[PDB]
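Inside the fold
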Amino acid sequence: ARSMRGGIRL
Amino acid sequence: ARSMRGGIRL
Amino acid sequence: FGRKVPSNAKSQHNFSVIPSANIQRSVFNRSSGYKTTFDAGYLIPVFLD
Amino acid sequence: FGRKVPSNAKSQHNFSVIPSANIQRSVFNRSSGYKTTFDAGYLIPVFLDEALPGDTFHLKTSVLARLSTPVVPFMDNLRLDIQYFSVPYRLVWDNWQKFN
């Protein structure tokens, strides 16, 4: 639910 | 009695 | 019957969360003067930033 | 008679003491799953990990083991067990200190 590595993908 | 430079020698 | 064991999927997800950037915000005054001549009815752009 | 003056030997010793390293320790969860098939009487290595100097580990293990189907409810007791050991690298390779 936070800022993931590699940009957002759900 | 602390951590001396050059490693330990008494 | 037996009880299922957990998956590691949540801990693996947590290791992939990047830390927030530390931004170093600051407050200062950005005062500026502007001088001009103009005529009525026109839209004059006097401020731009 | 006069009184002796001090030597500087203690202040010179103090200038030679290196500062302690600042380590930046942190706490996190290192959960892992492992799935396998095995037979009775063998020692099976189900868990393996590498610990650093100054690690602390707290371990919880969950197990589900299924026995492949018996013919009858046979009368004898049968324990599953798990035992954990620490093994320093210097016990398994003589050059480990010289490698470091």
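Residues numbered from 1 in each chain as written, not as in the entry; some residues may be left out. Chains lettered and ligands numbered in written order. Part of a larger assembly, values for the part shown. Heavy atoms only, no water.

The PDB entry annotates chain D as Major capsid protein of Escherichia phage EC6098.

Under the PDB entry, the name given to chain C is Major capsid protein, and the source organism is Escherichia phage EC6098.

**Description of the interface of chain C and chain D**
Rules: By the convention used here, residues are in contact when the closest approach between their heavy atoms is within 4.5 Å. Joining two parts hides part of their accessible area as seen by a 1.4 Å probe, and the buried area is that hidden amount summed over both. Salt bridges, as used here, are contacts in which a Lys or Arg side-chain nitrogen is within 4 Å of a carboxyl oxygen on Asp or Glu. The residue classification treats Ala, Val, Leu, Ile, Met, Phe, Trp, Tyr, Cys and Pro as nonpolar and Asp, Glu, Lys and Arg as charged. All others, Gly included, are polar.
Taken together, the 9 residues of chain C in the interface contact 10 residues of chain D. Each partner contributes to the roughly 610 Å² buried at the junction of chain C and chain D, and carbon and sulfur atoms together form 63% of this total. Remark: the boundary between chain C and chain D carries 0 salt bridges. Its residues placed into classes, the side of chain C that touches chain D shows 3 nonpolar, 4 polar and 2 charged.

**Overview of the arrangement of the chains**
By contact count, the dominant pairing among the 3 pairs of chains in contact is that of chains C and D. At the level of C-alpha atoms, the two units chain B and chain C stay apart, their nearest approach being 35 Å. There is a clear gap between chain A and chain D: no contact, and 16 Å between their nearest C-alpha atoms.

**Focus: the interface of chain D and chain B**
Each partner contributes residues to the interface: chain D has 4 residues there, and chain B has 5 residues. Carbon and sulfur atoms make up 65% of the area that chain D and chain B hide from each other, which totals about 480 Å². Across the contact surface, chain D and chain B share 0 salt bridges. In terms of residue class, the side of chain D that touches chain B is built from 2 nonpolar, 2 polar and no charged.

**Topic: unusual backbone geometry**
Note: most peptide bonds trans; most residues except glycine with negative phi. All names here are of chain C. For the record, the criterion: Helix and strand assignments come from DSSP, with helices taken as H or I runs of at least 4 residues and strands as E runs of at least 2, each series counted from the N terminus. Relative accessibility decides the category of a residue: with a 1.4 Å probe and only protein chains considered, values under 20% of the type maximum give buried, values over 50% give exposed, and everything between is partly exposed.
Of note, the phi angle at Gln24 is positive, near 60°, even though the residue is not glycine. Mapped onto the elements of the fold, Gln24 is located in the segment after α1 (9-15). With a relative accessible area of 76%, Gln24 lands in the exposed category.

**Thoughts on the pattern of salt bridges**
Considering all chains together, one arrives at 2 salt bridges over all chains under this definition. For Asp49 of chain C, the salt bridge identified is with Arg30 of chain C, shortest N-O distance 2.8 Å. Of this pair, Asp49 of chain C sits in the segment after α1 while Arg30 of chain C sits in the segment after α1; the two residues are 19 residues apart in sequence, bridging distant segments of the chain. The two residues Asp49 of chain C and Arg30 of chain C agree in class, both being exposed. Two residues, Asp49 of chain D and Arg30 of chain D, come together in a salt bridge whose shortest N-O distance is 2.8 Å. With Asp49 of chain D in the loop between α1 (9-15) and α2 (96-99) and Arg30 of chain D in the loop between α1 and α2, the pair connects residues that are 19 residues apart, well separated along the chain. On the basis of relative accessibility, which here comes to 29%, the residue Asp49 of chain D falls in the partly exposed class. The exposed category is assigned to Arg30 of chain D, whose relative accessible area is 58%.

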